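Coordinates as given in work.pdb (PDB, C-alpha atoms and all ligand atoms):
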MODEL        1
ATOM      1  CA  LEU A   1      -1.205  -0.781  18.812
ATOM      2  CA  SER A   2      -1.673   2.131  21.197
ATOM      3  CA  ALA A   3      -1.925   5.883  20.779
ATOM      4  CA  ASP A   4       1.795   6.556  21.088
ATOM      5  CA  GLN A   5       2.621   4.257  18.180
ATOM      6  CA  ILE A   6      -0.378   5.473  16.148
ATOM      7  CA  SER A   7       0.748   9.088  16.417
ATOM      8  CA  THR A   8       4.266   8.205  15.389
ATOM      9  CA  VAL A   9       3.105   6.422  12.250
ATOM     10  CA  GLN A  10       0.694   9.208  11.348
ATOM     11  CA  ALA A  11       3.320  11.857  11.721
ATOM     12  CA  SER A  12       5.597   9.704   9.568
ATOM     13  CA  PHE A  13       2.991   9.183   6.886
ATOM     14  CA  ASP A  14       2.060  12.856   6.726
ATOM     15  CA  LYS A  15       5.494  13.517   5.236
ATOM     16  CA  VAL A  16       4.997  11.233   2.234
ATOM     17  CA  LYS A  17       1.262  11.128   1.576
ATOM     18  CA  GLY A  18       1.603  13.728  -1.174
ATOM     19  CA  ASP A  19       3.651  11.309  -3.277
ATOM     20  CA  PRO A  20       1.202   8.576  -4.292
ATOM     21  CA  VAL A  21       2.967   7.968  -7.663
ATOM     22  CA  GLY A  22       6.295   7.339  -5.962
ATOM     23  CA  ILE A  23       4.811   4.888  -3.474
ATOM     24  CA  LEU A  24       3.035   2.938  -6.221
ATOM     25  CA  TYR A  25       6.216   2.884  -8.301
ATOM     26  CA  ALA A  26       8.073   1.352  -5.366
ATOM     27  CA  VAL A  27       5.443  -1.372  -5.043
ATOM     28  CA  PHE A  28       5.353  -2.256  -8.744
ATOM     29  CA  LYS A  29       9.151  -2.340  -8.799
ATOM     30  CA  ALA A  30       9.356  -4.779  -5.898
ATOM     31  CA  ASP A  31       7.017  -7.173  -7.666
ATOM     32  CA  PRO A  32       6.173  -6.856 -11.375
ATOM     33  CA  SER A  33       3.470  -9.478 -11.068
ATOM     34  CA  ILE A  34       1.416  -6.911  -9.194
ATOM     35  CA  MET A  35       1.802  -4.541 -12.129
ATOM     36  CA  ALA A  36       0.756  -7.297 -14.537
ATOM     37  CA  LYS A  37      -2.719  -7.496 -13.019
ATOM     38  CA  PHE A  38      -3.567  -4.013 -14.256
ATOM     39  CA  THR A  39      -4.782  -4.207 -17.858
ATOM     40  CA  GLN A  40      -3.697  -0.603 -18.278
ATOM     41  CA  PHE A  41      -0.085  -1.246 -17.333
ATOM     42  CA  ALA A  42       0.598  -4.894 -18.182
ATOM     43  CA  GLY A  43       3.312  -5.220 -20.789
ATOM     44  CA  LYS A  44       4.684  -1.687 -20.526
ATOM     45  CA  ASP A  45       7.900  -0.261 -19.134
ATOM     46  CA  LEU A  46       7.396   0.860 -15.551
ATOM     47  CA  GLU A  47       9.878   3.697 -16.000
ATOM     48  CA  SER A  48       7.780   5.013 -18.881
ATOM     49  CA  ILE A  49       4.309   4.883 -17.357
ATOM     50  CA  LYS A  50       5.338   6.295 -13.997
ATOM     51  CA  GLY A  51       4.771   9.862 -15.144
ATOM     52  CA  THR A  52       1.485   9.413 -17.012
ATOM     53  CA  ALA A  53      -2.063  10.376 -16.083
ATOM     54  CA  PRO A  54      -3.380   6.827 -15.737
ATOM     55  CA  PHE A  55      -0.651   5.907 -13.269
ATOM     56  CA  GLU A  56      -1.480   8.914 -11.117
ATOM     57  CA  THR A  57      -5.169   8.150 -11.140
ATOM     58  CA  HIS A  58      -4.553   4.598  -9.944
ATOM     59  CA  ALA A  59      -1.936   5.653  -7.423
ATOM     60  CA  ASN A  60      -4.323   8.219  -5.967
ATOM     61  CA  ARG A  61      -7.043   5.612  -5.462
ATOM     62  CA  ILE A  62      -4.807   2.958  -3.944
ATOM     63  CA  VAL A  63      -2.740   5.150  -1.645
ATOM     64  CA  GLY A  64      -5.860   7.161  -0.902
ATOM     65  CA  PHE A  65      -7.534   4.114   0.646
ATOM     66  CA  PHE A  66      -4.365   3.188   2.504
ATOM     67  CA  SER A  67      -4.469   6.746   3.804
ATOM     68  CA  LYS A  68      -8.010   6.215   5.086
ATOM     69  CA  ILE A  69      -6.754   3.212   6.999
ATOM     70  CA  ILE A  70      -3.787   4.985   8.549
ATOM     71  CA  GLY A  71      -6.049   7.862   9.527
ATOM     72  CA  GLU A  72      -8.436   5.682  11.528
ATOM     73  CA  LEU A  73      -6.141   3.338  13.439
ATOM     74  CA  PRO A  74      -6.868   1.287  15.057
ATOM     75  CA  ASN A  75     -10.464   0.839  13.936
ATOM     76  CA  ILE A  76      -9.709  -0.720  10.597
ATOM     77  CA  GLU A  77     -11.752  -3.917  10.290
ATOM     78  CA  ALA A  78     -14.597  -2.632   8.112
ATOM     79  CA  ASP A  79     -12.132  -1.239   5.578
ATOM     80  CA  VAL A  80     -10.099  -4.443   5.490
ATOM     81  CA  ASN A  81     -13.380  -6.257   4.823
ATOM     82  CA  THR A  82     -14.036  -3.979   1.853
ATOM     83  CA  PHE A  83     -10.493  -4.517   0.618
ATOM     84  CA  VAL A  84     -10.869  -8.300   0.766
ATOM     85  CA  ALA A  85     -14.203  -8.132  -1.070
ATOM     86  CA  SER A  86     -12.681  -6.303  -4.030
ATOM     87  CA  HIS A  87      -9.331  -8.089  -4.061
ATOM     88  CA  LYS A  88     -10.040 -11.717  -3.166
ATOM     89  CA  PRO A  89     -11.710 -12.245  -6.550
ATOM     90  CA  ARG A  90      -8.712 -10.809  -8.361
ATOM     91  CA  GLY A  91      -6.593 -13.619  -6.924
ATOM     92  CA  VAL A  92      -4.101 -11.514  -5.014
ATOM     93  CA  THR A  93      -1.692 -13.783  -3.152
ATOM     94  CA  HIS A  94       0.026 -13.595   0.213
ATOM     95  CA  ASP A  95       3.326 -13.277  -1.636
ATOM     96  CA  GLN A  96       2.108 -10.250  -3.513
ATOM     97  CA  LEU A  97       0.753  -8.670  -0.345
ATOM     98  CA  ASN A  98       4.101  -9.140   1.333
ATOM     99  CA  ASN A  99       5.865  -7.575  -1.630
ATOM    100  CA  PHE A 100       3.520  -4.605  -1.366
ATOM    101  CA  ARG A 101       4.674  -4.282   2.230
ATOM    102  CA  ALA A 102       8.298  -4.662   1.264
ATOM    103  CA  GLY A 103       7.962  -2.041  -1.475
ATOM    104  CA  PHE A 104       6.229   0.425   0.830
ATOM    105  CA  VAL A 105       8.870   0.057   3.526
ATOM    106  CA  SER A 106      11.611   0.424   0.926
ATOM    107  CA  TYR A 107       9.960   3.661  -0.173
ATOM    108  CA  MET A 108       9.786   4.924   3.402
ATOM    109  CA  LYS A 109      13.429   4.118   4.113
ATOM    110  CA  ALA A 110      14.651   5.834   0.948
ATOM    111  CA  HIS A 111      12.614   8.986   1.498
ATOM    112  CA  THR A 112      12.518   9.632   5.230
ATOM    113  CA  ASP A 113      14.669   9.111   8.297
ATOM    114  CA  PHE A 114      12.805   5.919   9.085
ATOM    115  CA  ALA A 115      14.763   4.655  12.040
ATOM    116  CA  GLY A 116      12.596   6.607  14.474
ATOM    117  CA  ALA A 117       9.240   5.312  13.254
ATOM    118  CA  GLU A 118      10.304   1.776  12.391
ATOM    119  CA  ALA A 119       8.878  -0.097  15.370
ATOM    120  CA  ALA A 120       5.582   1.766  15.208
ATOM    121  CA  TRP A 121       5.269   0.960  11.518
ATOM    122  CA  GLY A 122       6.119  -2.655  12.318
ATOM    123  CA  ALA A 123       3.263  -2.828  14.807
ATOM    124  CA  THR A 124       0.856  -1.175  12.386
ATOM    125  CA  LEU A 125       1.679  -3.325   9.382
ATOM    126  CA  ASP A 126       1.761  -6.538  11.415
ATOM    127  CA  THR A 127      -1.731  -5.662  12.631
ATOM    128  CA  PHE A 128      -3.022  -4.731   9.170
ATOM    129  CA  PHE A 129      -1.553  -7.658   7.229
ATOM    130  CA  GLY A 130      -2.462  -9.846  10.183
ATOM    131  CA  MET A 131      -6.135  -9.046   9.589
ATOM    132  CA  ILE A 132      -5.977  -9.399   5.799
ATOM    133  CA  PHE A 133      -4.265 -12.788   6.045
ATOM    134  CA  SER A 134      -6.945 -14.048   8.430
ATOM    135  CA  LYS A 135      -9.570 -13.286   5.778
ATOM    136  CA  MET A 136      -7.920 -14.168   2.469
TER     137      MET A 136
HETATM  138  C1  LIG B 201      -0.482  -6.156  -3.255
HETATM  139  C2  LIG B 201      -1.277  -6.764  -4.132
HETATM  140  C3  LIG B 201      -2.314  -5.972  -4.902
HETATM  141  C4  LIG B 201      -2.715  -6.226  -6.149
HETATM  142  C5  LIG B 201      -2.208  -7.355  -7.027
HETATM  143  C6  LIG B 201      -3.716  -5.227  -6.496
HETATM  144  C7  LIG B 201      -4.385  -5.159  -7.698
HETATM  145  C8  LIG B 201      -5.332  -4.216  -8.032
HETATM  146  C9  LIG B 201      -6.115  -4.218  -9.257
HETATM  147  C10 LIG B 201      -6.008  -5.204 -10.402
HETATM  148  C11 LIG B 201      -6.960  -3.184  -9.193
HETATM  149  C12 LIG B 201      -7.969  -2.805 -10.256
HETATM  150  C13 LIG B 201      -7.341  -1.781 -11.150
HETATM  151  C14 LIG B 201      -8.405  -1.288 -12.130
HETATM  152  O1  LIG B 201      -8.932  -2.066 -12.903
HETATM  153  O2  LIG B 201      -8.725  -0.160 -12.150
HETATM  154  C15 LIG B 201      -6.729  -2.505  -7.928
HETATM  155  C16 LIG B 201      -7.437  -1.404  -7.464
HETATM  156  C17 LIG B 201      -7.397  -0.912  -6.178
HETATM  157  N1  LIG B 201      -6.568  -1.376  -5.175
HETATM  158 FE1  LIG B 201      -5.380  -3.007  -5.205
HETATM  159  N2  LIG B 201      -3.905  -4.369  -5.429
HETATM  160  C18 LIG B 201      -3.052  -4.807  -4.434
HETATM  161  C19 LIG B 201      -2.934  -4.239  -3.185
HETATM  162  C20 LIG B 201      -3.724  -3.224  -2.688
HETATM  163  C21 LIG B 201      -3.636  -2.670  -1.345
HETATM  164  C22 LIG B 201      -2.685  -3.096  -0.248
HETATM  165  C23 LIG B 201      -4.555  -1.705  -1.247
HETATM  166  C24 LIG B 201      -4.818  -0.856  -0.019
HETATM  167  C25 LIG B 201      -4.624   0.461  -0.055
HETATM  168  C26 LIG B 201      -5.244  -1.627  -2.525
HETATM  169  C27 LIG B 201      -6.260  -0.746  -2.829
HETATM  170  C28 LIG B 201      -6.858  -0.610  -4.060
HETATM  171  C29 LIG B 201      -7.897   0.355  -4.385
HETATM  172  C30 LIG B 201      -8.510   1.384  -3.456
HETATM  173  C31 LIG B 201      -8.222   0.172  -5.666
HETATM  174  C32 LIG B 201      -9.265   0.962  -6.430
HETATM  175  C33 LIG B 201     -10.598   0.380  -6.106
HETATM  176  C34 LIG B 201     -10.664  -1.017  -6.718
HETATM  177  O3  LIG B 201     -10.833  -1.159  -7.872
HETATM  178  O4  LIG B 201     -10.544  -2.002  -6.010
HETATM  179  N3  LIG B 201      -4.717  -2.568  -3.392
HETATM  180  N4  LIG B 201      -5.726  -3.157  -7.234
ENDMDL
END
Here is a file; write its structure as structure tokens.
Amino acid sequence: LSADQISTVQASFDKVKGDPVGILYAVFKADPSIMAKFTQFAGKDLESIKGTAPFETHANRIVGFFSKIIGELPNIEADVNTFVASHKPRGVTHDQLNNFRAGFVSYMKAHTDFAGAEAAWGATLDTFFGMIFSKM
């Protein structure tokens, strides 16, 4: 992960960072078992909660932290540590983490011309999920 790849990803992300709700929708849709961990959304229709105030609040927190991480590449260890501390006790699995990744990438492909940033994103996400999976 070097500066050329980091700048590519950060340019790519800048295009979509204003759509937290859409990104979170894509993740929940890829794996409903992620959605079922949120007491506020469990048992409701994703298509119906997507436009509500609670969904936006959550989406802003979650994608907001992801945004922190993308902004500081590659110096991400401390933030991954914080992530693991809050999420390890919620029992998040590797499967769910990989579905988060899949949902995100699906979002990016459906909303930008992704072909040009695809390798850089690969490097970034392999690094990020690489660190998480070494810790939980
Ligand atoms: C993919 C599996 C994941 C699951 C099952 C999951 C689940 C949750 C749950 C249950 C909460 C608490 C909601 C609440 O009570 O308010 C939460 C909050 C949060 N999640 Fe995750 N999450 C996942 C992935 C991620 C990822 C990849 C990030 C990185 C951006 C992230 C960042 C956050 C943040 C910042 C919060 C708010 C602070 C907190 O309560 O921890 N989550 N998530």
Interatomic distance, atom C4 of ligand LIG 201 (chain B) to CA of residue 117 (chain A) (Å, one decimal):
25.5 Å
Taking all atoms listed in the file into account, which residues have an atom no farther than 6 Å from ligand LIG 201 (chain B)? I'd like them as a PyMOL selection string.
chain A and resi 34+37-38+61-63+65-66+86+92+96-97+100
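Shortest separation to residue 30 (chain A) among A:10, A:99, A:48, A:81 occurs at residue A:99, atoms counted being only C-alpha atoms.
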Interatomic distance, CA of residue 135 (chain A) to CA of residue 1 (chain A) (Å, one decimal):
19.9 Å
Might you pull out every residue within 10 Å of residue 47 (chain A), with all atoms listed in the file counted and same-chain residues fewer than 3 positions away left off, and present them as a ChimeraX atom specification?
/A:25,29,44,50-51
Using the chain letters and numbers from the file, which residues does the PyMOL selection byres (((chain A and resi 67-75) around 9) and not hetatm) grab, as a list in words?
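Applied to this file, the PyMOL selection byres (((chain A and resi 67-75) around 9) and not hetatm) returns residues 1, 2, 3, 6, 9, 10, 13, 17, 62, 63, 64, 65, 66, 76, 77, 78, 79, 80, 124 and 127 of chain A.
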Excluding residue 133 (chain A) and its own-chain neighbours fewer than 6 positions away, which residues fall within 10 Å of it when counting only C-alpha atoms? Please give them as a short mmCIF file (atom, residue, chain, number, x, y, z; two decimals) with C-alpha atoms, in the frame of the given file.
data_model
loop_
_atom_site.label_atom_id
_atom_site.label_comp_id
_atom_site.auth_asym_id
_atom_site.auth_seq_id
_atom_site.Cartn_x
_atom_site.Cartn_y
_atom_site.Cartn_z
CA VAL A 84 -10.87 -8.30 0.77
CA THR A 93 -1.69 -13.78 -3.15
CA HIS A 94 0.03 -13.60 0.21
CA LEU A 97 0.75 -8.67 -0.34
#
